[PDB]
Every structure is written in structure tokens, then in C-alpha cells.
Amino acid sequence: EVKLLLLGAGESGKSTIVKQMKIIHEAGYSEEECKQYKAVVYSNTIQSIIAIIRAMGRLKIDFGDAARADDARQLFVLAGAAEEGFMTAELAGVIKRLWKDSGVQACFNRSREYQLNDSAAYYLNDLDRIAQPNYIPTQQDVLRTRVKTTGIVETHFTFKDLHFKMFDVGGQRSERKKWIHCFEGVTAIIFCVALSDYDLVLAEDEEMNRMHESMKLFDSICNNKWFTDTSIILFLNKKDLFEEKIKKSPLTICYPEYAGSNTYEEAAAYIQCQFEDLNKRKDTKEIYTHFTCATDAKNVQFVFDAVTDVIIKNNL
């Protein structure tokens, strides 16, 4: 029996790690389960396109083609259908034309100025597939969904002859108060950090850098004596998004003293060091750091294999 607690700021990837466990260890979302996420996929897709359209007003970005102004009207008239799990051909076309507009694209590429789901491009690039008649979410479509965690989610699986129980709580500021309900009997903490959050600010507070907030939480948890004998595992998550992001958005927005290059390896290492240096007892307490892409089953499989090895060797 092994108890794992997923901790981390909102949108760090915790509940996506929980889904991956189910996919790799259990054996995938059945068709009935996938159909359940259909409305979440459509909801996430419509919320994303609306969020970009909303930001265009704040940021005074015009559509590239004026004809999109009528698509944007039709978008709101037809959007309620999507919430119910339906997607007409008319609604797909509207969203597609919007998504292809150069003004909409200009605003998409300015998304750190507002709040936009990580999976916006992923669904929006796949409209023709997700809008098809009788669409059923794939495993990846399910992994990509975004729903806020309220409460405490418990999942169970078997791996390497061990019974895992995995606990997942919300990481938004409003849910932090509930972390303490999970602190008993923990074999290991998996602390998730969104690597690509370095240039973002909190949904709950525009003046707080997302990665700074993540550092404060890690500092708190990592140095809590209650957890002296709990294995502390750090997942530096969203490394795929990070990779892309680091090429065009300076790390100095987050860490003004960063002197390295705008490259994946140097910047990833630096973030790791910033987090591991919050450890106040480095000679007595080890952090196990892994760099992850939560949505990628092959990455999470091999990483969780290594994590389990460590838990197996250290607890017993």
C-alpha cells in the first residue's frame, strides 16, 4: 500500500498526471468514459476562442478580416450547444474562420497578457476532427481537458505489485486551505511545477508571477518537518511548452539575474536549481527531480517507473 499526494499551484498538471496513471496502469478511458469528456472538450474549446476574442477588446486588436465580426456574433448565439456536448457544422465553421484570422492569431500570441488554457491551440488546431459527427474524445483529448479541482480526488491503481492510492487536491489559492486534510500517511509527495508558467501571472491575482507562487509553495512543503520522512518528488512539468516558450520569451521576466541563454537545457537546469535551493536541509533531505510532459504517456511511464523504483528502495 502506497500513498501519493499530488501538490502544486493551479494548472501545474497534477490531475493530468492522475489521468496518465489510469491510462498506463489501469487501461484507458472506455468509450463511455470518453463520451463523458466530450462536453468538457467542447466547453474548453469554446471557452478558449471566447477568451481570445475577449482579450482583443481589452488590447484593442482588430480582426484581420472585418467579416469575422459577424462570425464572432454567431459564435455567442451558437455557443450554448457546445456546452451540452453538441457541435454543429455551423459552429465549427465559425470557430475555424475565427481561429484562422490574423488578428485572432496576433492576440493568441499575446496570451501571457491574459488567462488562456494551455490546450487552446491543441483543440483549436484539431477542430475538423473534434467537430466530426459522432466524435468521441481520444485518450489525448481527455488528458488535454481542463477542469478546476475542488475537493480531494482519490484514484487507485496497481503497479509492480503495489497498491497505489493517489490523492489530488486543488492548487488555486482558494483550495490551499484543504491541503492539510491530505497530510496523514503520505509515502511520497509529487510536487508539480508548470515550467512554462515563468512568464504568466495568477488567474486569482495579476500581480503575482505564477512561478514565484510555485516557489513559495515548494518552500513551504519541502521544509515542513511533518514531511521529513516523506519522499519529496519534484516534477518540472510542461517541458514541451517550456521548450517552445523559452525561444521567444525571456527567463528574466521571472529571474532578473538569469545570465544563461534562451535555450531549453540551460534554462531548465536553472529553474531546477532555483527550486532545489529552497531545500533548507540539503545534507539530510533529498529531492528527486524529473522533467515531465504530463500529457505524454511514454514520458510519464518511464518517469513513474523511476519514481516507483525510488519509493520501492526507500519506503521500504
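Heads up: residue numbers just count along the shown sequence, starting at 1.
Judged by mean Cα B factor in the deposited record, 277-285 ranks above the other of 277-285 and 261-269. Stretches compared: 120-128, 201-209. Higher mean C-alpha B-factor in the entry: 201-209. When the C-alpha B-factors of 229, 141, 240, 219 are ranked from the entry, the top spot goes to 229. Annotation for 96, 112, 181, 160: 160 ranks highest, by Cα B-factor. In the deposited entry, the Cα temperature factor of residue 35 places it in the lowest third of its chain's modelled residues. Compared with the other modelled residues of the chain, the Cα B-factor recorded for residue 294 ranks in the lowest third. Among the modelled residues of the chain, residue 169 sits in the highest third by CA temperature factor in this PDB entry. The deposited CA B-factor of residue 235 belongs to the lowest third of values across its chain. When the CA B factors of the chain's modelled residues are split into thirds, the value for residue 12 lands in the lowest one.
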